[PDB]
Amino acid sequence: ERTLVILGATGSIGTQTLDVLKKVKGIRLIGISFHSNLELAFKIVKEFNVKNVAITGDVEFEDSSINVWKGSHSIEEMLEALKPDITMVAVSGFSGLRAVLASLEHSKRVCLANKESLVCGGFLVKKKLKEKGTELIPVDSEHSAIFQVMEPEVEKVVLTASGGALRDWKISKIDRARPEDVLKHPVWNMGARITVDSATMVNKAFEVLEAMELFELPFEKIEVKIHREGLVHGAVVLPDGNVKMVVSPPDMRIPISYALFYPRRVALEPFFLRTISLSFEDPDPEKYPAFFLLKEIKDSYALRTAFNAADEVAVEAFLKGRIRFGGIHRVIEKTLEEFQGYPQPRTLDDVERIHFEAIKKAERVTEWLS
């Protein structure tokens, strides 16, 4: 059996990974990390007989027949001790950057669900990947699809987007939208943040930057289309007229299983061909202004990190009632203005300093907009 560690086991991706382990044999889960959801963590440790846990938040796990690592280097120290064959990196937020770097150091394969790691610190991940040679497979549905059809000479890589919860609403009504209108979603079963991110298309902006890092694509070779039905997860347009497309049901257990079991294909449920509707349209810049900030930020890890930080602050603020929907892209825009002229970060510490300064600035902007 191949040994597995799931970082962020208590989250959406984490628990879907557990579901997959019940459905397919050949991997043994030997450790998990979680942040603060102790009740769920307890269920997992009992159900899966997990003897190694890294606590990442300010919570009390005790104990006493299981090894419990706690604090800021818990993930790193657990991974060094366990040296798993496979690590699923399903932590949310900016913590994903250090989690991925530690996973690359101590695992033979890293299954990457966390987006922030490549958005903010892709240059660090790429350096570590080259040095260590660790296998890295994306878990995101769109990058899993691309991974399956990618080749060296492409004309265009097409990512598809649902258009989010407000895809149908007209422009003037979107500014005023409340949380009770953004949840949800209406295509994927995901955490509260990702749902807001799909509605602003910030999620898709992250995926473009992730695709550039993962597949060494220039910005100009990527295109994003709104695709209502959510069947096509990615397509590659080749120079000869051929297009390779990947279709599947919208269930994250599919790309999870692929990343865990590659090069084997897991037996889940085959998707049988039938008459089908495939629509592809350009995102309207007036409906998705934060998405169109990509051109402005793509070349700078300082601006990419600030983009992510401001989005984290604005979504939280939106979820807590301080701003309305139209305030999200404004917080991001106004925060980015304050980082123009920043030098390109060179180290993990540089990236971390930008992130915390940007959180600080975005909070000030949010206060103004509240």
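Don't overthink the numbering: it's just position in the shown sequence, from 1.
When the C-alpha B-factors of 177-185 and 244-252 are averaged, 177-185 comes out higher.
The question of which stretch, 303-311 or 321-329, has the higher mean Cα B factor is settled in favour of 321-329. In the PDB entry, the Cα temperature factor peaks, among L278, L101, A145, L136, at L278.
In this structure the maximum Cα B-factor among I194, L112, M150, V208 is found at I194. Annotation for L7: CA B-factor lies in the lowest third of the chain's modelled residues. In this PDB entry, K126 carries a Cα temperature factor that places it within the middle third of its chain's modelled residues.
Ranked against the other modelled residues of its chain, the C-alpha B-factor of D282 as given in the entry falls in the highest third. For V68, the recorded CA B-factor ranks within the highest third of the chain. Only modelled residues enter the ranking. Per the deposited record, the Cα B-factor of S33 falls in the lowest third when ranked against the other modelled residues of its chain.
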